[PDB]
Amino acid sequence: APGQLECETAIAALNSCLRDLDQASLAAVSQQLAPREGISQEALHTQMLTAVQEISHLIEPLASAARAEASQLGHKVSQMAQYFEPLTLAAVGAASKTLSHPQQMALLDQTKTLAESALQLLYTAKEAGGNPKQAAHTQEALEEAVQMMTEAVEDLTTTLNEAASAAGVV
């Protein structure tokens, strides 16, 4: 079951991050997301930027490992998943400390979108397995998943800058 158990666990953990994000949004949409104390907006945005950058740097290597190297795939998905727990925590804290409700929702929604795209990457990468004899339907699906994650990273990143600027975070 080579690299496949790592996929299962990775996928379960992203599913879990996404429920935390839906709770935050639900709380947020009804103006009951209490601002998180103990931590600065700077450090949260720093947490968020970092995790996003590392997820981004991990997309192609993950994709490439899925086209060939089963062993390596298992390590790259767990890598990609570890980054999502801290991102999700950071994103919920940051959003909670954002004043403009639309901007608070945009952070949550775009973080959700990125997790969703990660999820799809993981499904298509797990189907590919190591096995290079995967179909071209698997090939086309994986490349799409990659392209979807890349655009998600683009969107969240921009939204990160905007929120940063509103909060004077440097």
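A residue's number is simply how far along the shown sequence it sits, counting from 1.
- In this entry, 43-51 has the higher mean Cα B-factor, the comparison being between 43-51 and 114-122.
- Just going by the entry, 5-13 versus 153-161 on mean CA temperature factor gives the higher value to 5-13.
- Comparing C-alpha B-factors across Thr88, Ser100, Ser71, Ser96 in the deposited entry, the largest value falls on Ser71.
- Among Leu142, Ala135, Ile59, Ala27, the highest C-alpha B-factor in the deposited entry belongs to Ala135.
- Per the PDB record, residue ranking by Cα B-factor puts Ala63 in the middle third of the chain.
- Remark: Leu108 belongs to the lowest third of its chain, ranked by C-alpha B-factor as recorded.
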